[PDB]
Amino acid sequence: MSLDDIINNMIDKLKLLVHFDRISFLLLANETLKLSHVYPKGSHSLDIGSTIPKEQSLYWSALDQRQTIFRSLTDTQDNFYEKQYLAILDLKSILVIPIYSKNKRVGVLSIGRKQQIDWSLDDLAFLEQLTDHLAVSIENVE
(Lines of atoms letter the chains of each structure in order from A and count residues from 1; the text may use other names and numbers.)
(Lines give C-alpha, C1' and ligand atoms only; values in the text may rest on other atoms or scores of the structure.)
Protein backbone atom coordinates (compact mmCIF):
# COMPACT_ATOMS: atom_id res chain seq x y z
CA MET A 1 0.00 0.00 0.00
CA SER A 2 1.17 3.63 0.31
CA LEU A 3 3.48 4.94 3.04
CA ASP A 4 0.43 6.83 4.28
CA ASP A 5 -1.50 3.58 4.71
CA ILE A 6 1.41 1.86 6.54
CA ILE A 7 1.67 4.65 9.12
CA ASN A 8 -2.08 5.19 9.52
CA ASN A 9 -2.60 1.50 10.04
CA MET A 10 0.08 1.51 12.68
CA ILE A 11 -1.60 4.44 14.36
CA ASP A 12 -4.94 2.58 14.27
CA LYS A 13 -3.43 -0.31 16.21
CA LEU A 14 -1.76 1.95 18.77
CA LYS A 15 -5.06 3.63 19.56
CA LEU A 16 -6.30 0.26 20.88
CA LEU A 17 -3.19 -1.04 22.58
CA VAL A 18 -1.17 1.79 24.05
CA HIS A 19 -2.05 4.93 26.00
CA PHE A 20 -0.98 8.10 24.16
CA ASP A 21 -2.39 11.42 23.03
CA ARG A 22 -0.22 12.43 20.08
CA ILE A 23 2.07 10.69 17.62
CA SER A 24 4.22 11.98 14.85
CA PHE A 25 6.26 10.06 12.38
CA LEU A 26 9.34 11.44 10.72
CA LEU A 27 11.05 10.15 7.63
CA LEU A 28 14.73 10.15 6.89
CA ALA A 29 15.55 10.53 3.19
CA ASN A 30 18.87 11.90 1.84
CA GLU A 31 20.31 12.42 5.36
CA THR A 32 17.40 14.83 5.92
CA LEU A 33 14.72 14.18 8.57
CA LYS A 34 11.25 15.47 7.76
CA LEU A 35 7.95 15.52 9.65
CA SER A 36 5.70 13.34 7.54
CA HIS A 37 2.70 12.13 9.56
CA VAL A 38 0.83 13.39 12.60
CA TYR A 39 -2.08 12.02 14.64
CA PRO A 40 -4.50 13.59 15.54
CA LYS A 41 -4.57 15.10 12.01
CA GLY A 42 -4.77 18.73 13.16
CA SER A 43 -2.05 18.68 15.80
CA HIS A 44 1.32 19.99 14.67
CA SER A 45 3.00 23.37 15.03
CA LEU A 46 5.48 22.50 12.27
CA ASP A 47 4.14 22.07 8.76
CA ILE A 48 4.14 18.55 7.31
CA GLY A 49 7.40 18.39 5.38
CA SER A 50 9.43 20.49 7.87
CA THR A 51 13.12 19.63 8.18
CA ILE A 52 14.44 18.84 11.65
CA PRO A 53 17.96 20.29 12.08
CA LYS A 54 20.56 18.22 13.89
CA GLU A 55 21.71 20.87 16.37
CA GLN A 56 20.08 20.42 19.80
CA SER A 57 17.67 17.88 18.28
CA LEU A 58 16.12 15.19 20.51
CA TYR A 59 14.98 13.23 17.44
CA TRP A 60 18.49 13.20 15.87
CA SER A 61 19.93 12.27 19.23
CA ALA A 62 17.80 9.09 19.22
CA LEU A 63 18.88 8.34 15.66
CA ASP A 64 22.59 8.98 16.37
CA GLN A 65 22.60 6.95 19.62
CA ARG A 66 20.44 4.20 18.10
CA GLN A 67 18.50 4.28 21.37
CA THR A 68 14.98 4.98 22.57
CA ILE A 69 14.91 8.27 24.46
CA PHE A 70 12.42 9.39 27.04
CA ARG A 71 12.09 13.03 28.03
CA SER A 72 9.89 14.83 30.48
CA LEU A 73 8.80 18.16 28.97
CA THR A 74 8.50 19.86 32.36
CA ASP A 75 12.22 20.12 33.13
CA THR A 76 12.64 23.87 32.86
CA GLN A 77 16.44 23.34 32.57
CA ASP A 78 16.26 21.02 29.53
CA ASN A 79 15.71 22.54 26.08
CA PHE A 80 15.91 20.90 22.66
CA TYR A 81 14.85 21.90 19.18
CA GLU A 82 11.56 19.98 19.23
CA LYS A 83 10.50 21.08 22.71
CA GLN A 84 8.57 24.31 22.06
CA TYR A 85 6.75 22.56 19.19
CA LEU A 86 5.68 19.72 21.46
CA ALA A 87 4.90 21.77 24.61
CA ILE A 88 2.52 23.94 22.60
CA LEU A 89 0.39 20.85 21.94
CA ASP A 90 -0.05 20.47 25.74
CA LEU A 91 2.28 17.47 25.88
CA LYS A 92 4.17 16.83 29.11
CA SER A 93 6.17 13.78 28.08
CA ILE A 94 7.79 12.49 24.89
CA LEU A 95 8.98 9.00 23.89
CA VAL A 96 11.22 9.05 20.83
CA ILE A 97 11.81 5.76 19.06
CA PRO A 98 14.36 5.84 16.23
CA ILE A 99 13.18 3.63 13.37
CA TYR A 100 15.92 1.55 11.77
CA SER A 101 16.25 -1.53 9.62
CA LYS A 102 19.15 -3.95 9.23
CA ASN A 103 20.52 -1.67 6.47
CA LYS A 104 19.75 1.94 7.41
CA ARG A 105 18.04 4.51 9.61
CA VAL A 106 14.53 5.00 8.35
CA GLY A 107 12.94 7.64 10.58
CA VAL A 108 11.65 8.53 14.02
CA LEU A 109 8.49 7.78 15.98
CA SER A 110 7.56 10.42 18.55
CA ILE A 111 4.90 9.50 21.11
CA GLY A 112 3.47 12.17 23.37
CA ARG A 113 1.36 12.11 26.51
CA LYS A 114 -0.53 15.05 28.00
CA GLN A 115 -0.33 13.55 31.48
CA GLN A 116 3.00 12.49 32.91
CA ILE A 117 2.36 8.78 33.28
CA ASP A 118 5.36 6.43 33.18
CA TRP A 119 5.90 4.12 30.26
CA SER A 120 5.70 0.50 31.42
CA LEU A 121 8.18 -2.18 30.30
CA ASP A 122 5.38 -4.08 28.55
CA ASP A 123 4.44 -1.06 26.45
CA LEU A 124 8.06 -0.26 25.61
CA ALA A 125 8.83 -3.88 24.60
CA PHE A 126 5.66 -3.97 22.51
CA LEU A 127 6.42 -0.64 20.76
CA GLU A 128 10.03 -1.63 19.98
CA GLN A 129 8.97 -4.88 18.33
CA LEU A 130 6.17 -3.09 16.45
CA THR A 131 8.51 -0.31 15.21
CA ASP A 132 11.21 -2.83 14.23
CA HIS A 133 8.69 -4.46 11.84
CA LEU A 134 7.65 -0.99 10.73
CA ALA A 135 11.20 -0.24 9.56
CA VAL A 136 11.22 -3.36 7.36
CA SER A 137 7.80 -2.49 5.88
CA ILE A 138 8.81 1.10 5.11
CA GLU A 139 12.10 0.03 3.56
CA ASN A 140 10.27 -2.47 1.34
CA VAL A 141 8.13 0.30 -0.14
CA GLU A 142 11.17 2.05 -1.70
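A residue's number is simply how far along the shown sequence it sits, counting from 1.
- Once the C-alpha B-factors are averaged per stretch, 35-43 and 55-63 rank with 35-43 first.
- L73: CA B factor in the highest third of modelled residues in this chain (values from the PDB entry).
- Remark: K83 belongs to the middle third of its chain, ranked by C-alpha B-factor as recorded.
- Ranked against the other modelled residues of its chain, the C-alpha B-factor of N30 as given in the entry falls in the highest third.
- Sort the chain's modelled residues by C-alpha temperature factor and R113 lands in the lowest third, per the entry.
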